[PDB]
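When the chains are written out, they are named A, B, C, D, E and F in that same order, and each has its own residue count from 1.
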Amino acid sequence: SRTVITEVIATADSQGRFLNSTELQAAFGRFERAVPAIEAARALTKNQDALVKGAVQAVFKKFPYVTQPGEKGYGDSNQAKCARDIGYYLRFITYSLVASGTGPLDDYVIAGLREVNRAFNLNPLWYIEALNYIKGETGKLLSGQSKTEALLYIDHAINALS
Amino acid sequence: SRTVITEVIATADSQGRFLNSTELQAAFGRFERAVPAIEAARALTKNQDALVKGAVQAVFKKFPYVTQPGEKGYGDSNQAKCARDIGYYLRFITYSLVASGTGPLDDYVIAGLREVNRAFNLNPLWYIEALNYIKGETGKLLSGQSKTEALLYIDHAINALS
Amino acid sequence: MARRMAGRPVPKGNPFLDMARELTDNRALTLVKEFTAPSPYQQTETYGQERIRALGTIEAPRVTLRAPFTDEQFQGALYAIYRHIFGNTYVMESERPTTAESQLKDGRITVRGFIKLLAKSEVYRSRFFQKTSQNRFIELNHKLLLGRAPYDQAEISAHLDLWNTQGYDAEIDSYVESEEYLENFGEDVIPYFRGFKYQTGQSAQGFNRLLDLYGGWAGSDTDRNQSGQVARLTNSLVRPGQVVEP
Amino acid sequence: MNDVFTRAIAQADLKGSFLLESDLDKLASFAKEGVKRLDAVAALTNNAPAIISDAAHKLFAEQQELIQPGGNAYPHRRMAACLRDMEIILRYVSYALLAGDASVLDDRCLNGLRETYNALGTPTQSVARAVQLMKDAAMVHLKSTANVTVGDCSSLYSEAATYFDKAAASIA
Amino acid sequence: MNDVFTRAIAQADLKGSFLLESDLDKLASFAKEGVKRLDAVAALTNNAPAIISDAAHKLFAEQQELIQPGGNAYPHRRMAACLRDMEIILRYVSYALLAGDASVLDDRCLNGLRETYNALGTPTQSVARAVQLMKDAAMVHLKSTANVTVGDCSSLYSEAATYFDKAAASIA
Amino acid sequence: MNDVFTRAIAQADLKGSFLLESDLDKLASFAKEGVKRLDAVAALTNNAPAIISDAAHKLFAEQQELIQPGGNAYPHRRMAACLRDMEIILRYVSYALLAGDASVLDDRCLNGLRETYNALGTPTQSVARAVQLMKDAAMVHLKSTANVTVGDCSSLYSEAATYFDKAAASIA
């Protein structure tokens, strides 16, 4: 994981000198914006089921064929693991919000995304529409700066999917 | 490109030596089945329009939604552009047959394939279906060795799409 | 009566009739015809590389040497190394080091360590250091040990000061032990001209500078010229864009 | 490279004096209104694939010359190079937008593009047209009041426009 | 680098077409004389030291100033360089003879040779004379009906000759 | 890395004698069966993506902890590496099938794979079961009598089964 302070220690240990003004300043700013990130993560922690089921129904309604027989969206276990995948995306966005760094995201989802989507025939369009729906509900649930910081890690996940 | 001849020349040059018996034996094998390859190229060139049109219809048949309005496949522009893409793929399969190697495919289609597809939101599965259709028809068109060599280049393209 | 059954009369003399015939008659087939037409500036798959001198160097396969090798890929890797590191300069049989090759064959040193030994060898000095200014030495070090041209003047300043303070061995170590060599080539890949394809972080100029350094597949970093291995990128580095006359 | 603080500092040092209270005011205003700059830079970064997709679509629709066989963007490898160049240039405009000075762009980015593309034979005119298309496809992402606090940012729009114009005019 | 097949493929592609039937007839022919081509290449390869030695002997008997002190083949270093250049040129000629296309010569062998020899002060006249002597020596081994089932192969002699002239004209 | 012909060559050198007619007959038999061997390796390479996806589905069906958090394959890149390593072992098994020698896989990687999978803490029996499922899915594809002239290939199936068995046992 590469969080802001983790970036600080990493970019420091490579060279000789200690943590100068710039690194202390970056850690400082992260330490302010962390607490709003914590409350945003809490607000996002109350609504697992609503977010996941809304996103699932949104991606199903955008793609009518996956539901239809003969397609990989068909199935009880398939839809259950759809829900588990969206829960995974939600929890890893939560982890990123808590850490104030894209470390958990890059570690747990984005690393090896392409190859596995290749081998298991998953389409990133489904997950990208799910993330857009989650963006939509974060628009209403969260307000102001908390909304901004949540949306920034979210659309980072979009940028990773695309 | 990476023919048999060209790959041999490169591997002998990188070692800064002349062509020894192994290289000339490989070149002899290449020249020896140049005839089945050229015959398969001649067939796949003669039966051009039938192959392209059947492949396009197979893409639509397996992908109903693509023809539906308001999205990617609808519009005679996209229709003609699909036909152009399949003509490209078949052209490079016959180029590979003639060049007794995957030079032309790798140079034109295979290298840079996935970034360009993801940039234009083109689905690999469409092209995989078109090449499966071409595989089925060239099974009928060709018999003996030409059949096998063609099929080798088709599934090489299919694998690169996969 | 049948002609009138066609429909109400349409006034004649419309200047858009030819446009209608093109937009109506067999649009898909015609569109394929214009889509697949040749482009009046004809460029092959490798028109750009052939327009540069450097196609033979891009098409050249990457050569690697992992520890369990038998005989012949070793004899080829030695040729590739002595061709690249020494810059296509002839290395007579006496100059070729036997101890370093024995070390490499045993496996006590990786290919990167062997590159380091050859860079500290007397051939590399006598060709690139001893007969050339420091600018030309830094250019050659970048081109030979990194496959790229220098990106800016701060590289020259830093490496000149590193040499002036720590010596030739430290100067060479800054190239081979650098993170860039390790990420690009690592322990077991022979260096190659990678600056022809966009390398992450390069300036716009690095491509032009590598073209200026290359001099073709036949050419070399000889120093036996009538000139004496002058530096090529002296003004392209500190005046990257402009040109000045004395 | 140089942001605006470093640039003003260099101009002060060349005259060999402290920074005037006027330039202190300019830099204070820049720092106060750099939050809007952060927003604009984020708008370019999150929406980069969309901008490149739109610019590519309109460029190759406008010019069949690039994608026809024998064209300069045809062989499906030169095509990835085209999209990569668009990525690089939009990246560098985002850098020069966050910084505040075109030094990042015209130093780290575009001293050598004209003659690089001339050495590769590619049309530089089409590259300038691609950059203009990127500009047009980017401003629409850049003005969006969706999920961003409402305010006036016309100066930042002019700044992004002049960075895109500089890149296009240099490449051309 | 291009063999004859890849050259014809590129020509077809620039026209945006499949390969015509005359082109496939020609390539089928080229693959039908491939065995004779292989014998020619193997006669160049086996007799390489003999050709180099014959050409060197005749070149230095002819041009004696190359080996006087001060000439541009005097010490052992630049004599070994002579022999190395000649061996390389025969190597690339045999490469192009196998491929059937002179693209390897321009791509690699003759990419900067004129510049190297003008920089070094090497007399390009003498290098071209070496290549011509090499051609004369090689044809003797090419036309050797011994150990190969007799037939007509004058096309291959013409091809090898024109490769040698290509290299000689590029250098000189 | 070594093939069966060079095994005969090496043992002949070790005993110091010329190759015996018995081993020479064995090598002739192998060389004529090489036509079927080429189709076997071609089937493997052709069906490799389908085979690996199939075996991944069967494995993730039979073994589930690789899904749950804390399981080895739960982090996304880790099961990406699962698929990649499955592909690598299939590629090496295709190499071995073409060569006819099992050491090209074993001596190449299995020495370090044992200690690597011991240190990493992965369930190595799961990797052995992955090799077994790989073998089964490849066996399904190798018996495809369509597209190929019908012949006798029981020995090739036995060879593939034993190669995969040895690979798994070295893993196990």
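In the analysis below, a residue touches a chain if its C-beta (ideal position, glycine included) is under 8 Å from a C-beta of that chain, and two chains touch if they have at least 3 such contacts.
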Recurring contact interface, reference A-D, options B-E, A-F or B-F [over half identical by residue number]:
B-F
If you tally the C-beta contacts, which comes out ahead, B-C or B-E?
B-E
Averaging only over C-alpha atoms, locate the centres of chain A and chain B and give their separation in whole Å.
39
Please report how many Å separate the Cα centroid of chain B from that of chain F, as a whole number.
28
Taking each chain's mean CA coordinate, chain A and chain E are separated, in whole Å, by 62
Touching two or more other chains - residues of chain E
1, 13-16, 108
Note the residues in chain C that touch 2 or more other chains, in rising order.
35-38, 42-45, 59
Among the residues of chain B, which are close enough to touch at least two other chains?
10, 16, 107-108, 162
Using the touch definition from the top, list the residues of chain B that touch chain E in their complex.
1, 3, 5-6, 8-10, 12-13, 16-20, 24, 27-28, 30-31, 34-35, 38, 41-42, 45, 48, 91, 94-95, 98-100, 103-104, 108
For chain A, which residues count as touching chain F in their complex?
107-113, 115-116, 119-121
In the complex, the residues of chain B that touch chain A are 64-65, 118, 123, 125, 162
Chain B touches which residues of chain F in the complex?
42, 46, 48-49, 147-148
What part of chain C is in contact with chain D in the complex they form?
34-45, 47-48, 51-52, 198, 203-208, 211, 240-241
